[PDB]
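So this first bit is one chain, no partners, the form deposited in one PDB entry, shown in structure tokens.
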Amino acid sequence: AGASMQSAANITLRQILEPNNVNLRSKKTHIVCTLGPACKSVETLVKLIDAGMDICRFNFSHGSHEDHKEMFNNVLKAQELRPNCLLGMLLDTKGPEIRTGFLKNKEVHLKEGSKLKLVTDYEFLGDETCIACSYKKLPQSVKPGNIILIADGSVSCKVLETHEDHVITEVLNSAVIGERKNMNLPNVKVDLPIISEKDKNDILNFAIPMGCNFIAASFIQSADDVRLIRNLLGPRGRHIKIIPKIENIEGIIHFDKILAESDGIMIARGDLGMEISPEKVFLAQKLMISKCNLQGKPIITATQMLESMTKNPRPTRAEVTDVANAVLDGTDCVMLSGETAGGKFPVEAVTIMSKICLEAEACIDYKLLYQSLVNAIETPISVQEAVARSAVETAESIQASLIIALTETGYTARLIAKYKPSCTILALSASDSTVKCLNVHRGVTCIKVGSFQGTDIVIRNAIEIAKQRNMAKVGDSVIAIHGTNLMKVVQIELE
């Protein structure tokens, strides 16, 4: 039903033993970094750009519009210091989240086998006996025996009980639990809007005026939720890409229809693991990546990729393989959440993420990858897709150092990225929206151009920029595509 396969690797002793020698920003896999107090300064944001940050994620689960607007201003200043590293701006919606209230002493130590009751009144200041929940209809949604998870599942509670005003639970494990933590109610219908009023106002009064490029919509359940977001964006938001977050059972069941309506997908592994059991999450990840790859839809793999680096300067062995395998699975982007937003090693986390990406990208057999993609796609295809596919096959056959794509809307660049070239895709566009939105596709780096007139010289200009960025050198071949109906091969010579 869902054939899923990692790219074959050719792993050499040289690659294992010889250190990496390329700029981190030469990587093909792109990185979404969540902003927060740990990277609030312009100086730290510039360091994250240099380490490999490509898209900035504003998590509207927390903070006010003024908090995010101040962050956005420091990002714009960081952008001015790296004007050719064009960052995409992503708004991540709160969605139908459920959270615990506040605590009498800010933290509580629940003990295993102890009782814990939760109350519908959100202004209660709780303690170890008692805590508030932001979901007013909690008593009517849970039936006895259901499990309640708090703080990314750091503690779980079995619903022994329910009444009109509250629920009684037994703590299934001991844990220290902080303020305002998330709660999951697996296998329970939660009566909250998928797109809330707050969500609609974050999209309309922040993402549109501020110029965000992506809406990452939480807990999406149907193709209709996506169509509603597109309709709210309206003509003024027509260039903002919709990225549904798949993090519950409904989003899995309806994934094919959600994907068809979407501009791309985020694999929201934290909530997904709490809604389906954790052992299943890798199945969902590899299947969504495979389906997105076949459709040419970009996908972001998210959550706990390098989690221990919130506290440690190096990741665990499982964290290393998680980043590499997400690359080898076919992800376009990988993501950091607390590792950049609130941890002690944000630059180090982005740095090692880029280094793992580079190792995983370098070991791939791109001949077999290309053949396996073409083997899995029905023909005839459109002229545009066939020319883009030939740019990739040609580049691999001669070991070209780049593919230059002239693209108004980005469509040509997306089609080339679908065929996963070993080399960088240098997309040229006159549209500001296009050069930032393309960041969600693997291997695409964009340059804003004034125009496409004199395609010969625009290509020769782009070749000049590529040599200046050390992406190509005398003796290299480059592929150029425009039209999407023309492909040219140019050898770089001494002039």
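Each residue number is its position in the shown sequence, starting from 1.
Same protein, other form: the form deposited in another entry, not shown, and the subject of what follows.
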Q) Among 197, 456, 235, 163, which is located at the hinge of the rigid-part motion between the shown form and the other one? A) 197
Q) Where do residue 37 and residue 177 end up in that other deposited form, Cα atoms closer or farther than shown, with a change of 3 Å or more? A) farther
Q: Work out the direction of the Cα-Cα change for residue 60 and residue 127 in that other deposited form: closer or farther than in this form? It's 3 angstroms or more.
A: farther
